[PDB]
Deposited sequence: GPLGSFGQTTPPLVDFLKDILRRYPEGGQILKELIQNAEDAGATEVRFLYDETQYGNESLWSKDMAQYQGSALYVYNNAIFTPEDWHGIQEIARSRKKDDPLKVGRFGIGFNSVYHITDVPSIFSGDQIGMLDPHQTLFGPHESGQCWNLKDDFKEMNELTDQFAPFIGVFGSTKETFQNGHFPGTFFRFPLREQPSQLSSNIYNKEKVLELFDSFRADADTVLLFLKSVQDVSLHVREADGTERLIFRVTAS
């Protein structure tokens, strides 16, 4: 027995990140993603909030319960958008996080290129707000980071549908096999700064997205508008 095998997912993606390193390109790639989905608005939120570690899908999920960059847009994923997302585009987010989550309509999906969280040959997991209602309700700490941002409420989960899209990117606090990039508040606000330099012109390329804003949420829950640009 003899032959080549394609590299493991994490190595394939490490190579893509090596070939495309990014600062402020990350915000631009995420804006492009929203434009491609027909969004008219994009909101970035740096969130200081740390969440609980009691009611998680598994103990290894605790490391992703901390500070995050969230990114909202007002389009709702189609099945094709969900297929599309499973494969620089969205992959630039791995500069920031090891486990991005995506919440759109009736589904939350988490991606795990390290392939350790969800079983041995799995690279992510998804929950349906209707079909998995019972489990999601029990896993209070797991889904708290999806409630109370961008107009999502406990009511959202009762109805079973969020009429929009947001991502949660828990900020990597130490190097992984995917990336050694560590983000903190300072580094994220530096990303917000790069963008703000270019903000006018970035909307010139775009025909759907007409409003981009940057916000910060403190641990006490207070939130500030950092910057907005409109068409």
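According to the record, no C-alpha positions are given for deposited positions 1 to 4, 92 to 108, 253, numbered from 1.
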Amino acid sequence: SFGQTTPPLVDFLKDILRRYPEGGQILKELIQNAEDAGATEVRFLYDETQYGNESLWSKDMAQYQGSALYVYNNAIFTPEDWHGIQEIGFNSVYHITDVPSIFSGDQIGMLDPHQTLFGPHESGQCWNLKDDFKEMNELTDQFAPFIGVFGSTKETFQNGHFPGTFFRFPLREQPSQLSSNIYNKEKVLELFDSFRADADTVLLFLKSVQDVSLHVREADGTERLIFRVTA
From here on, numbers count along this sequence of modelled residues.
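The PDB entry reports B-factors from which the mean C-alpha value can be compared for 209 to 217 and 17 to 25; the larger average falls on 17 to 25. Taking the PDB entry as given, 188 to 196 carries the higher mean Cα B factor of the two stretches 188 to 196 and 36 to 44. When the Cα B-factors of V71, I88, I108, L139 are read from the PDB record, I88 comes out highest. The top Cα temperature factor in the record, among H83, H161, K134, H95, falls on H83. For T78, the recorded CA temperature factor ranks within the highest third of the chain's modelled residues. In this PDB entry, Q63 carries a Cα temperature factor that places it within the middle third of its chain's modelled residues.
The deposited CA B-factor of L178 belongs to the middle third of values across its chain. Sort the chain's modelled residues by C-alpha temperature factor and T201 lands in the highest third, per the entry.
Looking at the C-alpha B-factors along this chain, the one for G124 belongs to the lowest third.
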